[PDB]
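Engineer: Mind having a look at this structure? Questions to follow.
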Amino acid sequence: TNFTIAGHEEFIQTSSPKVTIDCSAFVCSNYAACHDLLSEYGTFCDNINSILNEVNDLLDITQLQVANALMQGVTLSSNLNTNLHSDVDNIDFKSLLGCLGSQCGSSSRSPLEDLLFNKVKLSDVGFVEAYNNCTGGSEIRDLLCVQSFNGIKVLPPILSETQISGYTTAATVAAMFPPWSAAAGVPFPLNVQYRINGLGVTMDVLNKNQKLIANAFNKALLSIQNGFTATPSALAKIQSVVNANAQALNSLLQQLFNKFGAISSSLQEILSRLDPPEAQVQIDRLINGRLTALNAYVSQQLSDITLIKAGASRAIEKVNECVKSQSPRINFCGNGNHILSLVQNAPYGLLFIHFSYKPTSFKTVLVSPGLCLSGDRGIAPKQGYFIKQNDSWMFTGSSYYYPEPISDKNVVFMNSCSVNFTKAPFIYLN
Amino acid sequence: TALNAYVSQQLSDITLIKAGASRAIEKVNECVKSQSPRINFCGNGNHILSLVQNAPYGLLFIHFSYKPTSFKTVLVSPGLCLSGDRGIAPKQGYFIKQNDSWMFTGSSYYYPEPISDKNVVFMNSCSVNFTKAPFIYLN
Amino acid sequence: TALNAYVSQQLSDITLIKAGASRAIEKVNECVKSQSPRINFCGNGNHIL
Amino acid sequence: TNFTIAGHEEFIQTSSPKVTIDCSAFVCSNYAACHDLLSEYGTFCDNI
Amino acid sequence: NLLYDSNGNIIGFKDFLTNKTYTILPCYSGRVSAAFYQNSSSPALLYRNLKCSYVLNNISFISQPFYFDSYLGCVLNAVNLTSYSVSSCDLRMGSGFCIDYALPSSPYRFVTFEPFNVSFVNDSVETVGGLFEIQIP
Ligand SMILES: *[C@@H]1O[C@H](CO)[C@@H](O)[C@H](O)[C@H]1NC(C)=O
Ligand SMILES: *[C@@H]1O[C@H](CO)[C@@H](O)[C@H](O)[C@H]1NC(C)=O
Ligand SMILES: *[C@@H]1O[C@H](CO)[C@@H](O)[C@H](O)[C@H]1NC(C)=O
Ligand SMILES: *[C@@H]1O[C@H](CO)[C@@H](O)[C@H](O)[C@H]1NC(C)=O
Ligand SMILES: *[C@@H]1O[C@H](CO)[C@@H](O)[C@H](O)[C@H]1NC(C)=O
């Protein structure tokens, strides 16, 4: 009988930090005698750097595919000026828009995206600022100093955060002003009513409660923005990516302190207490041990990008089948009743905002799946039921109770009187 | 040790091929042998047909699209409300005003045609964001 | 060395199981609990339910 | 002109048996001298 | 007399002859990323996370007349032309930056990478007379 509009979040990982490791400086950083024994494994170290290159190339291709899907066939006006109006149909979309155009600075993220990057330190800009504060200054206690000097460094991606944040903004303003390149016409106030009607709600109620729908979207976005001052499932998955990458780099760094059966772990101590003839047996145990740890990291990193690339394919589909064009698929974008979906930038992935149709009240009525008329004819409802009000047959929707007269625009005709249809030789339509 | 490293790369390489081959099977069953209502799936927006050909170590797809050539600006309306608090909205098109009369045009080609029952939808409410036109009753 | 070969093999087969399970979830939501307009997805073209 | 209804079946794998391996049960069963040579490798078994 | 961390590395000591305390820090050992064209004569160098006035004074002694600070580090043999944007590059250096070597100062350049854009239309977003203005093919 009554209905409201709900909303929920969703995070899909589409990126991963790019790590570049060189086996030359990892095992034979500066010692000359180390290179004489590593030359026999020359092909072994060449393959390690070769696999790490093709892994980072896959993250570069997937990053361009996401940016291409966000602005695939989008048309905006040259006089848009998304800094004065910022509203449509009395709906506040200011928290989802940053700055569009070259008339701004280096930061153009929306207010909602600022709540996600202020809680993640090791972001795209975090690694750049961290590595800068090692070759100069004081209080060098960060762990990234040692990893960078030993041959473990993280490279920035091709597209920056500002560029990707500017692509999600263009996709949001697309379905707000003409020519509405994100909905093929059907403006935003009308696009919502068309999809709610598809669930089984008559349009006589939607045109009378336009203020209730407008205030529902404003309340839903306000609860999502205020929900970040807590521990939700969205922030838990984002922080799990930057924490799993730190543990993998610190575990590989501790491999330089192991002995693997040798007398010590430092190559300077071995080359200072043993003669050259009996020193190759101790260095060979360190080379054969450190190279094994590299293969364990390369094989694990390759098995991890496959799950990220597979998950990135689902994010591209939701941009094309849930954001830029609503698909007739059911139980794909959200959970049953689905209306719209919006995309925002997130650290190492994207954030989705799904809106749903949630009823509040209910009532019990008697319905019929179809009645046979006089003349061996029959009728069947179309997304609805047949009710009996005041000794007369009416029509109501499957998602909203509103009796309407039976017509030919919402009833499927049939030329056969079934045995399990209620008889009613009083209703005339033709 | 070199053989263990080579066989480990084969398990990771074929895993990516299985993901790519799964999309090719779905594309054959939904783009060439059948037309599915999925926008931005078989092509870049306006997709019409699709053909498949044999290629070394994979398949080759041929996608046909719909590319406009010229454009023309025109004032359109998202819908109008008739007399008696009744409403009417277009489907896959817009409403245009030509020679002091309301007509219908497509959303992908400019061709004015008279309004009919098979080109619009019928409602029972008169929203405040539409335009009034009592001169048209069944035109 | 034998344990590394077993662990590295599990990281490769877990992706095939997780990828196949994602197709099962998509089939329940589009072929069992709902009738999707997709053709040649739930059956051989003449699929009913 | 005439028709009938046919039935088919298919199987899609979803889960896999869970396997767990111990640190001091596969390399060194119960011998203390064996554990001394394993401690110098660091956290090699902990990463497994 | 020695200071260690949790990982087991020495990060300080104390001298027993002068009663002074110090702090040991790891010395720089990095790697240079250079981009080279097809038939050029010298590639463009880029020291990541290394500000200028430190490479040409402490680790490098080669006379380099062209050098400037960038968002990624000190770039050698290049010109600052970040205002120019190009949607196609084969030398990608970082977060939205390209070189875009020009056919023959320094021949190499340093521009911004903008691969995707939007199609603008000269229309009005505000309604006039209750109607909307769009383009129909
Ligand atoms: C639905 O709920 C709203 C909010 O409480 C209320 O204003 C409205 O009267 C309700 N409508 C019906 C039909 O109960
Ligand atoms: C609909 O009309 C009201 C009344 O002035 C106005 O405030 C609102 O902006 C209009 N909506 C659109 C989408 O034009
Ligand atoms: C169709 O086949 C069934 C089974 O033999 C038979 O009972 C039925 O009469 C047939 N119908 C027609 C129209 O041939
Ligand atoms: C350092 O301090 C200790 C204790 O105060 C003192 O005994 C010693 O003589 C000092 N060393 C020098 C070189 O003065
Ligand atoms: C490079 O040029 C841009 C714009 O021309 C300017 O903002 C920037 O400060 C310049 N950088 C240097 C190091 O001169």
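Here the Cβ positions follow ideal geometry from the backbone for every residue, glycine too, while neighbour counts run over all protein chains shown. Taken together, the values in this text are just the output of simple stated rules run on the coordinates, not laboratory data.
Engineer: When only residues in the range A:305-346 that are part of a helix (DSSP H, G or I) and among the polar types (S, T, N, Q) count, which is farthest from A:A182 (Cα to Cα)? Show your work before the answer.
Structural biologist: So the first thing to find is which residues in the range A:305-346 are part of a helix (DSSP H, G or I), and the list is A:305-323.
In the following step, the residues that additionally are among the polar types (S, T, N, Q) were identified as A:306, A:313, A:320.
Numbers: A:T306: 31, A:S313: 20, A:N320: 10 Å.
In this case the residue turns out to be A:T306.
Engineer: Just to be sure I understand, how many residues within the range E:122-137 are surrounded by fewer than 18 Cβ atoms within 10 Å (Cβ to Cβ) and within 14 Å of ligand 2 (Cβ to nearest atom)?
Structural biologist: To start, the set of residues in the range E:122-137 that are surrounded by fewer than 18 Cβ atoms within 10 Å (Cβ to Cβ) comprises E:122, E:124, E:126-131, E:135, E:137.
Next cut, within 14 Å of ligand 2 (Cβ to nearest atom) only: E:124, E:126-131.
The qualifying residues number 7.
Engineer: Of everything in the range A:118-141, what is hydrophobic (A, V, I, L, M, F, W, C) and more than 13 Å from every other protein chain (Cβ to nearest Cβ)? Give them in sequence order.
Structural biologist: So the first thing to find is which residues in the range A:118-141 are hydrophobic (A, V, I, L, M, F, W, C), and the list is A:120, A:122, A:125, A:127-128, A:130, A:134, A:140.
Those that are hydrophobic (A, V, I, L, M, F, W, C) and more than 13 Å from every other protein chain (Cβ to nearest Cβ): A:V120, A:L122.
Engineer: How about the range A:1-37: which of its residues are part of a helix (DSSP H, G or I) and polar (S, T, N, Q)?
Structural biologist: A:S24 - this is the single residue of the range A:1-37 that is part of a helix (DSSP H, G or I) and polar (S, T, N, Q).
Engineer: Out of the residues in the range D:1-24 that are surrounded by 10 or more Cβ atoms within 10 Å (Cβ to Cβ) and either within 16 Å of ligand 1 (Cβ to nearest atom) or of a type in the set (G, A, S) (or both), which is farthest from A:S265 (Cα to Cα)?
Structural biologist: If we take residues in the range D:1-24 being surrounded by 10 or more Cβ atoms within 10 Å (Cβ to Cβ) and either within 16 Å of ligand 1 (Cβ to nearest atom) or of a type in the set (G, A, S) (or both), then D:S16 is farthest from A:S265 (Cα to Cα).
Engineer: Sort out which residues of the range C:14-31 are among the β-branched types (V, I, T) and within 10 Å of chain A (Cβ to nearest Cβ), and write them in order of number.
Structural biologist: If we filter the range C:14-31 for residues that are among the β-branched types (V, I, T), which is where we start, we get C:14-15, C:17, C:25, C:28.
The answer is C:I14, C:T15, C:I25, C:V28.
Engineer: Could you run through the range B:65-96 and say how many residues are more than 8 Å from chain E (Cβ to nearest Cβ) and in a strand (DSSP E or B)?
Structural biologist: Going residue by residue through the range B:65-96, those that are more than 8 Å from chain E (Cβ to nearest Cβ) are B:65-67, B:79-93, B:95-96.
In the following step, the residues that additionally are in a strand (DSSP E or B) were identified as B:65, B:80-81, B:87-90, B:93, B:95-96.
Looking only at that region, the number is 10.
Engineer: Before we move on, is A:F11 within 19 Å of the chain's Cα centre (by Cα) and away from chain E (no Cβ under 13 Å)? Explain how you work it out, then say what you get.
Structural biologist: Details: within 19 Å of the chain's Cα centre (by Cα): yes; away from chain E (no Cβ under 13 Å): yes.
Taking the combined requirement at face value, the residue satisfies it.
Engineer: Another question about this same structure. Do we find that C:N40 is more than 11 Å from chain A (Cβ to nearest Cβ), in contact with an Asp or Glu (Cβ under 8 Å, 6 or more places away or on another chain) and in a loop (DSSP other than H, G, I, E, B) in this structure?
Structural biologist: Values: more than 11 Å from chain A (Cβ to nearest Cβ): yes; in contact with an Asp or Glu (Cβ under 8 Å, 6 or more places away or on another chain): yes; in a loop (DSSP other than H, G, I, E, B): yes.
Against the criterion (more than 11 Å from chain A (Cβ to nearest Cβ), in contact with an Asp or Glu (Cβ under 8 Å, 6 or more places away or on another chain) and in a loop (DSSP other than H, G, I, E, B)), C:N40 qualifies.
Engineer: Let me ask something additional. Quick one: how many residues across the range E:1-33 are within 30 Å of E:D90 (Cβ to Cβ) and loosely packed, with under 13 Cβ neighbours inside 10 Å?
Structural biologist: 1
Engineer: Tell me, which residue of the range A:192-207 that is closer than 18 Å to B:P78 by Cβ and at the interface with another protein chain (Cβ under 10 Å from one of its Cβ atoms) is farthest from ligand 1 (Cβ to nearest atom)?
Structural biologist: The extreme case among them is A:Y194.
Engineer: Testing D:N2 on (1) within 7 Å of another protein chain (Cβ to nearest Cβ); (2) within 16 Å of ligand 3 (Cβ to nearest atom), one condition comes back false. Which one is that?
Structural biologist: It is condition (1) that D:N2 fails.
Engineer: If I filter the range E:96-137 down to residues being hydroxyl-bearing (S, T, Y) and under 30 Å from A:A184 (Cβ atoms), which single residue comes out as farthest from the other protein chains (Cβ to nearest Cβ)?
Structural biologist: Within the range E:96-137, the subset hydroxyl-bearing (S, T, Y) is E:101, E:105-106, E:108, E:112, E:119, E:124, E:127.
Checking which are under 30 Å from A:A184 (Cβ atoms) leaves us with E:119, E:124, E:127.
On the way: E:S119: 5, E:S124: 6, E:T127: 9 Å.
Across the range E:96-137, the extreme among qualifying residues is E:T127.
Engineer: Looking only at the range A:50-72, which residues are crowded, with 17+ Cβ neighbours inside 10 Å and among the small types (G, A, S)?
Structural biologist: Within the range A:50-72, A:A67, A:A69 qualify.
Engineer: Right, next: Sort through A:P328, A:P381 and tell me the only one that's within 29 Å of A:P405 (Cβ to Cβ), more than 16 Å from ligand 2 (Cβ to nearest atom) and within 14 Å of chain C (Cβ to nearest Cβ). So that I can check it myself, show each step before the final result.
Structural biologist: Details: A:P381 fails: within 14 Å of chain C (Cβ to nearest Cβ).
Within the list A:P328, A:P381, the selection yields A:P328.
Engineer: OK, next. Restricting to the range A:184-208, what's the tally of residues that are β-branched (V, I, T) and either surrounded by fewer than 20 Cβ atoms within 10 Å (Cβ to Cβ) or within 16 Å of ligand 4 (Cβ to nearest atom) (or both)? Write out each step before concluding.
Structural biologist: Quick first cut of the range A:184-208, residues β-branched (V, I, T) only: A:186, A:192, A:196, A:201-202, A:205.
Checking which are either surrounded by fewer than 20 Cβ atoms within 10 Å (Cβ to Cβ) or within 16 Å of ligand 4 (Cβ to nearest atom) (or both) leaves us with A:205.
Going through the range A:184-208 one residue at a time, the tally reaches 1.
Engineer: Another question, then. Does A:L115 qualify as being among the aliphatic types (A, V, I, L, M) and more than 10 Å from chain E (Cβ to nearest Cβ)? Break it down into steps so the answer makes sense when it comes.
Structural biologist: Numbers: among the aliphatic types (A, V, I, L, M): yes; more than 10 Å from chain E (Cβ to nearest Cβ): yes.
Against the criterion (among the aliphatic types (A, V, I, L, M) and more than 10 Å from chain E (Cβ to nearest Cβ)), A:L115 qualifies.
Engineer: Residues in the range C:30-49 that are on the phi < 0 side of the Ramachandran plot and buried (at least 16 other Cβ atoms within 10 Å of the Cβ): how many?
Structural biologist: Filtering the range C:30-49 down to residues on the phi < 0 side of the Ramachandran plot leaves C:30-39, C:41-44, C:46-49.
Next cut, buried (at least 16 other Cβ atoms within 10 Å of the Cβ) only: C:30-31, C:36, C:38-39, C:41-42.
Qualifying residue count for the region: 7.
Engineer: Checking the structure you have, find out if any residue of the range A:394-413 is loosely packed, with under 12 Cβ neighbours inside 10 Å, polar (S, T, N, Q) and within 41 Å of the chain's Cα centre (by Cα).
Structural biologist: Going residue by residue through the range A:394-413, those that are loosely packed, with under 12 Cβ neighbours inside 10 Å are A:405, A:407-409, A:412-413.
After this cut, where a residue has to be polar (S, T, N, Q) as well, the list is A:407.
From what is left, the residues that are within 41 Å of the chain's Cα centre (by Cα) are none.
No, that holds for no residue.
The rows are residues; the columns are (1) in contact with a helix residue (DSSP H, G or I) (Cβ under 7 Å, 6 or more places away or on another chain); (2) part of a helix (DSSP H, G or I); (3) of a type in the set (K, R).
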{"site": "A:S223", "(1), (2), (3)": "no, yes, no"}
{"site": "A:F228", "(1), (2), (3)": "yes, no, no"}
{"site": "A:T231", "(1), (2), (3)": "no, no, no"}
{"site": "A:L235", "(1), (2), (3)": "no, yes, no"}
{"site": "A:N245", "(1), (2), (3)": "no, yes, no"}
{"site": "A:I270", "(1), (2), (3)": "yes, yes, no"}
{"site": "A:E278", "(1), (2), (3)": "no, no, no"}
{"site": "A:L291", "(1), (2), (3)": "yes, yes, no"}
